[PDB]
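Asks: Provided herewith is a single structure, encoded as structure tokens, for subsequent inquiry.
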Amino acid sequence: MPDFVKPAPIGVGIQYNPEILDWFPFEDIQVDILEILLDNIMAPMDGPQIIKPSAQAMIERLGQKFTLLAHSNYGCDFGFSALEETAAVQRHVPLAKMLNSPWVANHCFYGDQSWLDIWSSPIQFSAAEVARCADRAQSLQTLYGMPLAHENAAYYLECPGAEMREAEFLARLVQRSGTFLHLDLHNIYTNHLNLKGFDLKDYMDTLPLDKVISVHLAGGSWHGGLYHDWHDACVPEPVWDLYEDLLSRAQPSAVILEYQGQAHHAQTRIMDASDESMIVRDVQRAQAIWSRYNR
Amino acid sequence: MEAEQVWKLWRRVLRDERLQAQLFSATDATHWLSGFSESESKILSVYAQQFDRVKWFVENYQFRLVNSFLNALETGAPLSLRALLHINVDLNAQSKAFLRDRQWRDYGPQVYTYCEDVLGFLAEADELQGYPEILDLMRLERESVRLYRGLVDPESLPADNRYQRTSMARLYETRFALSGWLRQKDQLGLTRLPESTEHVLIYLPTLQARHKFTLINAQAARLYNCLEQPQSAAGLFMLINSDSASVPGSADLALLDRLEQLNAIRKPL
Ligand SMILES: [Fe+3]
Ligand SMILES: [Fe+3]
């Protein structure tokens, strides 16, 4: 606890974002780790409760079988409001402790007592924001009592006033705060495609890969679509190339596969759910690659 | 360009639909309102190209905010939501009407305050004014919201050797017999209800459990209404609102025994 270290590798799992559409598709004993979005189990802050009383049942049912990871989105971690007032320390920090999570990850976005302003607002890549966000990250990690990872953000517009590249920002952030990184490989691929001058090779060499604890493999929108980062289609082959390359350079502790929620994540999508075994193929391929570079 | 100024700028942008229209229509520097502060317009000037992304970011904000109107309803008033969904009210049209009145406010984790302002807004909707049974159901759910909100930082009260009213329960005198909907939730908003008053008590078994609705007798509601301020156990039995000046004993003791069991009162000890 005085110095947080990377936990021992625990394996590959799915993110359990479909609280209903995944237990029946869940198969075998191969996966013993599932991610938990703390926002879905979160209780209102203008109320006296920490966890949704309906969510306390599954945490009891799932914590015994599988190790359950935390994921802090819409928690206003890197905002400008006081950290003690944010939903991260008021709800997300106790929830991760209640879930007995080995570590917790957030997102490199902006939020101030607001839930839906956080996407499409990446942190300004500047030495001024490096200093401010690292001070909040070290304090927040101290409150979590567990390692704190920062997920790389997928965005279409870089924040104005950016002094440096995204990869140098994350390297300067985790070095000054002592926190860790949560490498979403698909967010690197969609940023490489939809951004001018995004060096994918420099991104991997710049990042302290020894700070990566968890990895996210996901799909995206096909060419011609409205916008990207749908997290619906099959995991693209360039994202699979990044997964094999990352395991051959460093040693994460887990890798999770994410998919869309119940409603359409963006303005116009669908609800269909019939390719349940494609997920099993994507998980199984990650299992084989994981053991190919197993400790 | 400080990061806090860039956030404060957009936070003003996507809450005022007027500022968004002039940005979408004008890509030229001065054609977009130079009435924006020079510091603001400096940050707008970065978005001179790729103004297409600005309309996409604003549209996603209001789309999520329209959905949060439903999430706030599911969290605070789940039975009113099922009743409103059964009678086919355009909650999207009511979400846009409610959010525009609040200038597209992001409640965030303040979901109970969100639902409380939503139920109050919906209580005046002309579409709902023809459904008095649902209007009675929403006021019942609004008390449940006020039950949770009243327990955030509750005023602590010691034993004080007097009958005290706790903060873990509220009372609602209905206009219709809502128990028919509470006992048969498949008929929420679908069936007709008699206009008889009921005393439904919203109470929490434990502080980490779902609130429950239960009916109490009119005499128990009289005891609960007289315990607005803590009474001396003897003045309470005297305070039958000038109707009775005698202690009923087991007639009113068993009622107080149930209220404390429902975590609604605090007996003197
Ligand atoms: Fe994430
Ligand atoms: Fe992710």
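Any read-out appearing in this document is the output of simple, stated calculations on the displayed coordinates, not a laboratory observation. No Cβ is skipped: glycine too gets one built from the backbone with ideal geometry, and neighbour counts run over all protein chains shown.
Asks: Please check: in the Gaussian network model of chain A (C-alpha springs, under 10 Å), which one of A:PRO122, A:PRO102, A:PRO238 has the largest mean-square fluctuation.
Replies: Top of the fluctuation ranking is A:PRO238.
Asks: Where a ≥ b ≥ c are the square roots of the eigenvalues of the C-alpha gyration tensor, would you call the protein assembly as shown rounded, which needs a/c under 1.5, or, failing that, prolate if a/b is larger than b/c, or oblate?
Replies: Numbers: a/c = 2.04, a/b = 1.67, b/c = 1.22.
Prolate, since a/c reaches 1.5 and a/b exceeds b/c.
Asks: In terms of the Cα gyration tensor, with a ≥ b ≥ c the square roots of its eigenvalues, is region B:3-135 rounded because a/c is under 1.5, prolate because a/b exceeds b/c, or oblate? Please report the intermediate quantities before stating the final value.
Replies: Details: a/c = 3.06, a/b = 2.52, b/c = 1.21.
Since a/c reaches 1.5 and a/b is larger than b/c, the shape of region B:3-135 is classed as prolate.
Asks: Name the residue farthest towards the positive end of the dipole of the protein assembly as shown from the options B:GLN208, A:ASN191, B:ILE240, assuming +1 on Cβ of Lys and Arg, -1 on Cβ of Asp and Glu, about the Cα centre.
Replies: Highest projection toward the positive end goes to B:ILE240.
Asks: Now a separate question. In the protein assembly as shown, what percentage of the DSSP-assigned beta bridges are antiparallel, given to the nearest 5?
Replies: Numbers: 14 of 41 bridges.
Antiparallel bridges: around 35 percent, rounded to the nearest 5.
Asks: Now for a different question. List, in order, the whole-Hz ³J(HN,Hα) value for each residue of region A:4-19 obtained from phi through the Karplus relation with A = 6.51, B = -1.76, C = 1.60 and θ = phi - 60°; use x for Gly and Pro.
Replies: Coupling constants for region A:4-19: 7, 10, 5, x, 5, x, 10, x, 10, x, 10, 8, 6, 4, x, 5 Hz.
Asks: A further question on this structure: To the nearest 20 debye, what is the magnitude of the charge dipole of chain A about its Cα centre, counting +1 on the Cβ of each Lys and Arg and -1 on the Cβ of each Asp and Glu?
Replies: Computed about the Cα centre, the dipole is about 580 debye.
Asks: I would also like to ask the following. With a cut-off of 14 Å, note down the residues of region B:120-163 whose backbone N falls inside the zone around a label point 7 Å from the Cα of B:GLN261 toward its beta carbon.
Replies: In region B:120-163, the label zone of B:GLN261 (backbone N under 14 Å from the point 7 Å along Cα→Cβ) covers no residue.
Asks: What is the extension gain from B:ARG210 to B:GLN22, computed as 0.36 nm multiplied by their sequence separation minus the C-alpha to C-alpha distance, in nm to one decimal?
Replies: On the way: separation 188, 0.36 × 188 = 67.68 nm, distance 4.69 nm.
Extending this stretch completely gives an extra 63.0 nm.
Asks: Ok, one more. Give the distance, in whole Å, between the Cα centre of region A:257-295 and the Cα centre of region B:197-269.
Replies: If you average the Cα positions of each part, the centres end up 54 Å apart.
Asks: Now for a separate question. What list of ³J(HN,Hα) values in whole Hz, one per residue of region A:252-265 in order, does the Karplus curve 6.51 cos²θ - 1.76 cosθ + 1.60 (θ = phi - 60°) give from phi, with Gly and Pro shown as x?
Replies: Going residue by residue, I get x, 9, 6, 9, 10, 10, 10, 9, 5, x, 5, 6, 5, 4 Hz, with x marking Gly and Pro.
Asks: Is there a quick way to get the dipole size of the protein assembly as shown? I mean about its Cα centre, with the Cβ of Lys and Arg at +1 and of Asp and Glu at -1; what is the value in debye to the nearest 20?
Replies: Numbers: 51 positive and 72 negative charges, 223 e Å.
For the protein assembly as shown, the charge dipole is close to 1080 debye.
Asks: Where is the GNM fluctuation largest for chain A (alpha-carbon springs, 10 angstrom cutoff): A:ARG269, A:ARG165, A:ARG176?
Replies: A:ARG269
Asks: Could I ask something else about it? Projected onto the charge dipole of region B:3-135 (+1 at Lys/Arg Cβ, -1 at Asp/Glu Cβ, origin at the Cα centre), which of B:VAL118, B:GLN129, B:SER45 gives the Cα projection farthest towards the positive end?
Replies: Towards the positive end, the residue furthest out is B:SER45.
Asks: Given H placed on each backbone N at 1.01 Å, which residues far from B:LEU215 in sequence or on other chains put an amide H within less than 5 Å of it?
Replies: It is B:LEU201, by chain and number.
Asks: Roughly how many Å is it from the Cα centre of region A:1-68 to that of region A:131-196, as a whole number?
Replies: The distance from the Cα centre of region A:1-68 to that of region A:131-196 comes to 23 Å.
Asks: Can you tell me the 0 to 90 degree angle between the C-alpha axis of helix B:132-149 and the longest principal axis of chain B, rounded to 10?
Replies: 90 degrees
Asks: Using Cα-Cα distances under 8 Å and only pairs 6 or more residues apart, what relative contact order does region B:3-135 have, in percent? If you can, show how the numbers build up before the last one.
Replies: Numbers: 82 pairs, mean separation 31.4, N = 133.
24 percent.
Asks: Okay, moving on. GNM, chain B, Cα, under 10 Å: largest mean-square fluctuation among B:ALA251, B:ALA72, B:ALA97?
Replies: In the Gaussian network model the winner is B:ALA251.
Asks: Sticking with this one: So how far, in whole Å, is the C-alpha centre of region B:35-65 from the one of region B:106-178?
Replies: The two parts, judged by their Cα centres, are 38 Å apart.
Asks: Another question, if that's okay. Just want to confirm a number: the relative contact order over region B:155-266, from Cα pairs under 8 angstrom separated by 6+ residues, in percent.
Replies: On the way: 153 pairs, mean separation 37.1, N = 112.
Here the relative contact order equals 33 percent.
Asks: Run the helix sum for the protein assembly as shown: -39,500 (n - 2.57) per DSSP H stretch of 4+ residues, divided by residue count, reported at 222 nm to the nearest 500 deg cm²/dmol.
Replies: On the way: 20 runs with 227 residues, N = 564.
Rounded to the nearest 500, the figure is -12500 deg cm²/dmol.
Asks: Which whole-number percent is the relative contact order of region A:38-141 (Cα, under 8 Å, 6+ apart)? The partial results should precede the final answer.
Replies: Working: 138 pairs, mean separation 29.1, N = 104.
With pairs under 8 Å counted, the relative contact order is 28 percent.
Asks: Select from B:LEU23, B:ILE87, B:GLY108 the residue farthest towards the positive end of the dipole of region B:3-135; place +1 on Cβ of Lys and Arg, -1 on Cβ of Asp and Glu, and compute about the Cα centre.
Replies: Value computed over the given set: B:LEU23.
Asks: Counting other beta carbons within 10 Å of each Cβ, put A:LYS201, A:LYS52, B:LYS42, B:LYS55 in order, fewest first. Let's see the in-between values first.
Replies: Working: A:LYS201 9, A:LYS52 19, B:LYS42 15, B:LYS55 12.
With the fewest neighbours first, A:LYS201, A:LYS52, B:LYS42, B:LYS55 line up as A:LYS201, B:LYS55, B:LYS42, A:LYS52.
Asks: Show me, for region A:28-43, the HN-Hα J-couplings you get by feeding each phi into the Karplus relation (A = 6.51, B = -1.76, C = 1.60, θ = phi - 60°), rounded to Hz, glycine and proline as x.
Replies: For region A:28-43, the Karplus-derived couplings read 6, 10, 5, 9, 10, 9, 9, 7, 9, 6, 5, 5, 5, 8, 6, 9 Hz, x marking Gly and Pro.
Asks: Still on this model: Can you say what percent of the DSSP beta bridges in chain A, counting only those with both residues inside, are antiparallel? Round to 5. Could you put the intermediate results ahead of the total?
Replies: Numbers: 2 of 29 bridges.
Around 5 percent of the beta bridges assigned by DSSP in chain A are antiparallel ones.
Asks: Could you tally up the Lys pairs in chain B with alpha carbons closer than 19 Å? Skip any pair fewer than 8 positions apart unless they're on separate chains. Numbers along the way, then the final one.
Replies: On the way: B:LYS8/B:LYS42; B:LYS8/B:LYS55; B:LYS42/B:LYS55; B:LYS55/B:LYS96; B:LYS185/B:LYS212.
Counting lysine pairs in chain B gives 5.
Asks: Specify whether the C-alpha gyration tensor of chain A places it in the rounded, prolate or oblate class, a ≥ b ≥ c being the square roots of the eigenvalues: rounded for a/c under 1.5, otherwise prolate if a/b is larger than b/c and oblate if not. Walk me through the intermediate numbers first.
Replies: Numbers: a/c = 1.26, a/b = 1.05, b/c = 1.20.
Cα axes put chain A in the rounded bin.
Asks: Pull up all non-local amide H partners of B:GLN231: gap of 5 or more, or a different chain, and H-to-H distance under 5 Å with H placed in the peptide plane.
Replies: So B:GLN231 has HN proximity to B:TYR163.
Asks: Starting from the amide H of A:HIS216, placed 1.01 Å from N in the peptide plane, find each other amide H under 5 Å away whose residue is 5 or more places distant or on another chain.
Replies: Close amide H contacts, sequence-distant or interchain: A:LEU183, A:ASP184, A:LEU185, A:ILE256.
Asks: Okay, moving on. Taking the Cα centre of region B:56-181 as the origin, how large is its charge dipole in debye, to the nearest 20, when only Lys and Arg (+1) and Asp and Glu (-1) carry charge on their Cβ atoms? Write out the running numbers ahead of the final one.
Replies: Numbers: 14 positive and 18 negative charges, 42 e Å.
Roughly 200 debye, rounded to the nearest 20.
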